[PDB]
Q: 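Can you keep this structure in mind? I'll have questions shortly.
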Amino acid sequence: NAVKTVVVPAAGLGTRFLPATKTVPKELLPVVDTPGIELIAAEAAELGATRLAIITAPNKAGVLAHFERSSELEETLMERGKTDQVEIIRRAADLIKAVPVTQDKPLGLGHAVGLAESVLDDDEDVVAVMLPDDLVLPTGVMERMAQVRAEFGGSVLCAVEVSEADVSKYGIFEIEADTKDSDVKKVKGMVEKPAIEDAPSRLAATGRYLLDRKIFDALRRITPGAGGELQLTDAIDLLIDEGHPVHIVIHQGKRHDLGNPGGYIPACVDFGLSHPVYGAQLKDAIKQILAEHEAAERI
Amino acid sequence: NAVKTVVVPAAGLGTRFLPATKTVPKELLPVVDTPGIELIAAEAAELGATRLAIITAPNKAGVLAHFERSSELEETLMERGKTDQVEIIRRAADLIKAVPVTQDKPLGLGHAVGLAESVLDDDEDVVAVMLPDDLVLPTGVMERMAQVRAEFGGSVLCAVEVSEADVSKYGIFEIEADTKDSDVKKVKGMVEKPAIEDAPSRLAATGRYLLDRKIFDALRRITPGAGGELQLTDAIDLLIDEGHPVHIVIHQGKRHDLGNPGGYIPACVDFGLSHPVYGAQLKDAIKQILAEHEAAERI
Amino acid sequence: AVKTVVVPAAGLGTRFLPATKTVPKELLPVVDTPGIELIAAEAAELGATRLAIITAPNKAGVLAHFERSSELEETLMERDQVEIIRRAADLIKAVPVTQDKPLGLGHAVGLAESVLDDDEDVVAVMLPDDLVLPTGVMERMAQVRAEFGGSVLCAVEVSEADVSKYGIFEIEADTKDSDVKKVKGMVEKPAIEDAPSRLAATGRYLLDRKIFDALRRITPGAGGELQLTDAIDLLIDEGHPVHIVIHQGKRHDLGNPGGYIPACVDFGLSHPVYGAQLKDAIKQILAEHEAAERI
Amino acid sequence: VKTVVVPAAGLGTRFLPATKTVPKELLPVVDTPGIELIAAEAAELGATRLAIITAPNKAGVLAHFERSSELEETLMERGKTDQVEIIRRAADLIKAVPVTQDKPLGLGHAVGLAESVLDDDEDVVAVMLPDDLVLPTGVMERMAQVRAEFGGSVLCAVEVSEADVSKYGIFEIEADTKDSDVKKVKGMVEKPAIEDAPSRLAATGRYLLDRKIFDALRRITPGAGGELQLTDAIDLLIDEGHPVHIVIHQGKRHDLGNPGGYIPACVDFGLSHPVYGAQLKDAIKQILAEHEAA
Ligand SMILES: O=c1ccn([C@@H]2O[C@H](COP(=O)(O)OP(=O)(O)O[C@H]3O[C@H](CO)[C@@H](O)[C@H](O)[C@H]3O)[C@@H](O)[C@H]2O)c(=O)[nH]1
Ligand SMILES: O=c1ccn([C@@H]2O[C@H](COP(=O)(O)OP(=O)(O)O[C@H]3O[C@H](CO)[C@@H](O)[C@H](O)[C@H]3O)[C@@H](O)[C@H]2O)c(=O)[nH]1
Ligand SMILES: O=c1ccn([C@@H]2O[C@H](COP(=O)(O)OP(=O)(O)O[C@H]3O[C@H](CO)[C@@H](O)[C@H](O)[C@H]3O)[C@@H](O)[C@H]2O)c(=O)[nH]1
Ligand SMILES: O=c1ccn([C@@H]2O[C@H](COP(=O)(O)OP(=O)(O)O[C@H]3O[C@H](CO)[C@@H](O)[C@H](O)[C@H]3O)[C@@H](O)[C@H]2O)c(=O)[nH]1
Ligand SMILES: [Mg+2]
Ligand SMILES: [Mg+2]
Ligand SMILES: [Mg+2]
Ligand SMILES: [Mg+2]
Ligand SMILES: [Mg+2]
Ligand SMILES: [Mg+2]
Ligand SMILES: [Mg+2]
Ligand SMILES: [Mg+2]
């Protein structure tokens, strides 16, 4: 009820998808037919958000364009017989208002988020951040997360339990103490992509955050961490060490990391199987490919 | 036999992937991490082609750019010393030289091929066409098609047997007779996307063509067909009727149609399972997803 | 009559390099307004409802000028200029026709064939780097065509130093109307010696659809380019009637600095905001030059 | 000087509708854009980088300083060897570094964006506005001398007519120096009404600023036109006792930011062109005469 603007950092290089991402933004990759950024925009609308501050890069024009009307394209589609599609290409743009925020160089997720400071209304008390390459299903974890912030103030992040092998890929929470609800916990530290030996838990940060504006000040104090980037994680950890309250909402359901082929492909399968048109066939197709590989393997 | 130019029609709307394709060309979608265009480019270079005539559209600039140096991106990956990443994004340009050919409006695949006429060297004997959303594996069918052409002269296409389910999506051949070779059949007609009841065979046209320069002539005499588009198939069918010799090489191996989600997903799964980095985890993830779907469908 | 007007704008603009490295010469301001926009209202004035703009892959700006600037519009109101920027797009419907390589004016014009409606019987071409003032020659030209049928071009007298920059006519017969002559020849950029006259073609043509067939019969000429002049000449050589309407009024070649600069001065002097100051500024700059030359 | 900051992220409203897609900084002065003249000026002073403040809808600004593989090839085809070098000049002269200004919040704002782009080595913020020509080039060399001998901040002014005060930052003079061309300043006002102008000395777009403007730029409130004015920040620095001196340029100065200054600039350079010179003189004189008679 309080969130007006949601910050969607989409200015990365997407190295894990190269060469494809040389000119295609990972954020626009179709989960069946729909980009994760469009998925994120829809979730933000559901949250009541009225604007989307998209952090973008100079060589990623499509990100913002996806949310603008393309009369060239709509016209073409008219004279071809399909108004049905003109609607599909207007959905994102119509869902919410996209406000582009340029990030010249990909200095970090944290640095990206800091860029949106000037863009929020002075009247906004929280910074809602949604990573466009991360899906938390069913949608609504943000509604749960806001409830927790109302109750405890401070910042709140969404977490998922992860396998020992996936811990190095995420921001990992250091649990401080449990809470009235088993799915809400207070945290004592946050660490970005730790070696498996030095990971405080198996609780990993998904791309959902409801942060206290204090973050911006914490982001100006932080120095570069993992991979030489200015990490949102490190600023959250800063706030933690200062005494600011930071809780996690532990998500029980489906989570899809669209950020690399390993998570993206299964996401396409997942959504592909429930699709009214492709469902049946995909299943058959995939079962045969799985079998083909099993055979290959033994041989 | 001496192919110099290979025509790669990459100017369509990609309706099947909308809304993602609003700004992203389907030809650039990652099969794991590599666009189908880059794979076709590799298949063309393998054939000994030296140049790629990419029919592109005004709104699809990424297609050409994928084949040209990306200064700022290499400079960004350099700072970080992502050396392997720099080579990755140079690969396409190193494979073959891309020549853009604009098709202002998606008048059909036939029309697109027709725009390549002027681009070819006058010394060029055939019109080699490789559709960028269709993988025929392993690469080499084009070499076999050239042998067939050297022998019977005339025009040659590549066919794969397809289920009734896939019939209406492809160009289907009308068989005349079995020839000298088991894999080669002489064709007496071609129909674009027939209904199942109308399909003269189960042999569908793969996007691989070695056409006699006479198609240009033929392409100017056809009228719109399926979709109100100017179909290449319709021109070939025209030549056949005017007694031009047309043969098909029937591909026995794997074939992936990347042109739509139904075929793109499984291609991704198929290449993904063979991937050194993603293989194992994909296998488990997809098994789990299949199993979750089973339970859901019961529950 | 005219429904569509062909505006070739896919050239390289080498005379303005290095500026034209990214800027289309067709977009340079005549004070504040691009020549293409000036051609667009001349087109609209005539009746045309479509503008077939021949463009190049790297001149996205050309068409964009006739498209909406939502991004830019949202920035403007915030602080009477949004009026100004919506102008060109509201004057007429731009239809982009891509010409991948600049093979020639003649080649560029040929690309429009497939774009003109079937019921269309004239090929109206207006070069966007050439101003014929006041607007309306095309109304005149159209009259000459209603009478004589055939193809009509607009000319203006020019001088030896400036003869080699244009398409030059070979006069056949004077005529009734002092300003309408029949032509028996047309040569592109003839050396000073060769010019069959001093009557040069401006960028205004009303051509019979036959120009399309003629364009397929010619070979490269003057600059290794497929010259529209050459196809016109072929049509002449074969008995197709071709007449020129001679413009006695003002004309500006915005296609090169020597022509663009004076065009800016001309419109600038009549400017309600800038006129007075420009006048003073230029008069002093001239004076400084005069002095510099002697001194 | 290592980095010259060049603010080119403006709307260029004065040249609309043309500037809808064309950056005003790219308009040819005959055939050379102001940004290229400014780049040549920066190079002459020894700068190796140009930090260009650019806007999302002005890609050409930066493209102008990059190699056009597609255009160079097309020109090689027609064998135009000179032209290739012509389109390479800018790019060869200096390294362009883009800095994006999403919205045109002001010249001061724009300048602020270049902070994190300067090296620590660098003691000064050299700013050259690409729509203003101070001729002949070299005023910055002079301004440097002045800074060396007074420390602090240095601007370049030109005497201007009453008619033109409102278009510029106008200085309030405080005192003279050993040199008649150098004055210490006591205030700066952006675009004052005629009655309100404290001098007839206008700021040209040349600055050698102490690194303290960054700090000041964060502090000033928007000023004239709703913008964060660089002038207001320089004034703030004045108001807190920081030393600011102006080199008064006695020579030629061409304001290319609006049609009134741009047209005359083109005439002036055109009259000197070995190719267009003579013909322009004649064409212009003739046009003036027609206007007379009209
Ligand atoms: O300089 C940058 C770097 C990234 N991004 C964007 O930020 C998002 C996240 O970047 P990515 O490289 O995918 O981050 P991950 O390595 O996936 O890690 C982040 O996302 C995870 C949840 O998905 C968390 O577990 C990690 O703590 C958090 O750092 C993407 O949309 C990028 O486009 C930028 O805009 N600018
Ligand atoms: O006006 C157009 C239409 C399409 N394309 C391009 O042509 C290729 C083929 O287009 P697509 O719609 O994918 O064709 P399909 O329906 O997949 O059918 C074509 O390819 C099949 C094999 O994949 C054959 O069975 C068919 O006979 C043949 O028409 C694509 O890369 C398009 O981008 C154009 O360049 N211009
Ligand atoms: O391959 C090309 C070449 C040019 N153009 C455009 O066509 C128009 C004319 O090109 P330009 O190089 O300026 O031609 P000129 O050399 O000025 O000569 C043409 O226009 C003159 C009138 O201005 C006539 O005197 C000539 O006969 C005619 O050829 C311009 O807008 C160009 O952008 C194209 O679209 N494609
Ligand atoms: O939000 C902005 C506003 C402007 N600019 C750039 O800054 C330069 C200066 O902008 P301009 O609008 O031309 O300012 P003026 O009205 O010309 O005023 C500036 O330049 C004058 C001299 O040219 C000085 O007298 C003034 O005090 C100074 O404010 C131009 O290149 C703009 O592109 C930006 O980058 N961002
Ligand atoms: Mg990253
Ligand atoms: Mg990620
Ligand atoms: Mg199709
Ligand atoms: Mg296909
Ligand atoms: Mg030319
Ligand atoms: Mg011209
Ligand atoms: Mg301004
Ligand atoms: Mg200015």
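Below, chains carry the letters A, B, ... as their sequence lines are ordered, and counting in each starts from 1. Atom set for the values below is all heavy atoms of this structure, side chains included, hydrogens, waters and symmetry mates excluded.
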Q: Rounded to the nearest 0.5 Å, what separates atom CG in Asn58(C) from atom CD in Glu70(D)?
A: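 Going from CG on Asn58(C) over to CD on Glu70(D), the span is 5.0 Å.
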
Q: Check each atom of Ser272(D) against the heavy atoms of chain C and say whether the ones under 4.5 Å are side chain, backbone, both or neither.
A: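 Both parts, heavy atoms under 4.5 Å.
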
Q: Using non-hydrogen atoms only, which part of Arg79(C) is less than 4.5 Å away from chain D: side chain, backbone, both, or neither?
A: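 Looking at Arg79(C), just its side chain touches chain D.
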
Q: Measuring heavy-atom distances to chain C, does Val30(D) have an atom under 4.5 Å in its side chain, in its backbone, in both, or in neither?
A: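 Contact with chain C is through both the backbone and side chain of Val30(D).
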
Q: With a 4.5 angstrom heavy-atom cut-off, could you sort out which part of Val29(D) is near chain C: side chain, backbone, both or neither?
A: neither

Q: Quick one: closest heavy-atom pair of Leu16(D) and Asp32(C), and the distance?
A: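 Heavy atoms only, the tightest pair is O-CB, 3.2 Å.
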
Q: Tell me, side chain or backbone of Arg14(D) under 4.5 Å from chain C's heavy atoms, or both, or neither?
A: both

Q: Which atoms of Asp268(D) are under 4.5 Å from chain C, going by heavy atoms: the side chain, the backbone, both sets, or neither?
A: both

Q: Which pair of non-hydrogen atoms, one from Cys266(D) and one from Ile261(C), has the smallest distance, and what is that distance?
A: O-CD1, 3.6 Å

Q: Counting only heavy atoms not in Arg200(D) (residues, nucleotides, ligands), do more than 12 fall under 6.0 Å from its CZ?
A: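 Correct, the count exceeds 12.
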
Q: Can you say whether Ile86(D) sits under 4.5 Å from chain C via the side chain, the backbone, both, or neither, judging by heavy atoms?
A: both

Q: With a strict 4.5 Å heavy-atom criterion, list every residue of residues 94-101 of chain C that contacts chain D, or say none.
A: none

Q: Would you say that more than 12 heavy atoms from the other residues, nucleotides or ligands in this model lie under 6.0 Å from the NZ of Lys95(D), or not?
A: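 12 or below, so no.
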
Q: Identify which part of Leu11(D) has an atom lying under 4.5 Å from any heavy atom of chain C, answering side chain, backbone, both or neither.
A: side chain

Q: Could you tell me the separation between the NZ atom of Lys21(C) and the CD atom of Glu36(D), rounded to the nearest 0.5 Å?
A: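 The distance works out to 8.0 Å.
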
Q: For chain C, which residues of residues 58-67 of chain D have at least one non-hydrogen atom nearer than 4.5 Å to it?
A: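 From residues 58-67 of chain D, the residues near chain C are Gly60(D), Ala63(D), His64(D), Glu66(D).
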
Q: Based on non-hydrogen pairs under 4.5 Å, which of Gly268(C), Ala281(C), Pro34(C), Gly223(C) is most in contact with chain D?
A: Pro34(C)

Q: Does atom CD of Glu288(C) have more than 12 heavy-atom neighbours from other groups under 6.0 Å away?
A: yes

Q: Which heavy atom in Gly258(C) sits nearest to a heavy atom in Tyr276(D), and how many Å separate them?
A: N-CD2, 3.4 Å

Q: How long is the span from the CG atom in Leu269(C) to the CD1 atom in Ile284(D), to the nearest 0.5 Å?
A: 9.5 Å

Q: Which pair of non-hydrogen atoms, one from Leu27(D) and one from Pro29(C), has the smallest distance, and what is that distance?
A: CD2-CD, 3.5 Å

Q: Could you tell me which portion of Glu77(D) (side chain, backbone, both or neither) has an atom closer than 4.5 angstrom to a non-hydrogen atom of chain C?
A: neither

Q: Looking only at heavy atoms, which two atoms of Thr74(D) and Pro102(C) are closest? And how far apart?
A: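 Scanning both residues, the minimum pair turns out to be CG2-CD, 4.0 Å.
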
Q: Heavy-atom count around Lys285(D) NZ within 6.0 Å, excluding the residue itself: above 12?
A: no

Q: Rounded to the nearest 0.5 Å, how far does CG of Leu26(D) lie from OG1 of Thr22(C)?
A: 4.5 Å

Q: Is chain C contacted by the side chain of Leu75(D), its backbone, both, or neither, given a heavy-atom distance below 4.5 Å?
A: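 Answer is side chain: those atoms of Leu75(D) sit under 4.5 Å from chain C.
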
Q: Using heavy-atom distances under 4.5 Å, tell me whether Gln286(D) contacts chain C through its side chain, its backbone, both, or neither.
A: neither

Q: Look up atom OH in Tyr262(D) and atom CG in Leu278(C), then write down how far apart they are to the nearest 0.5 Å.
A: 12.5 Å

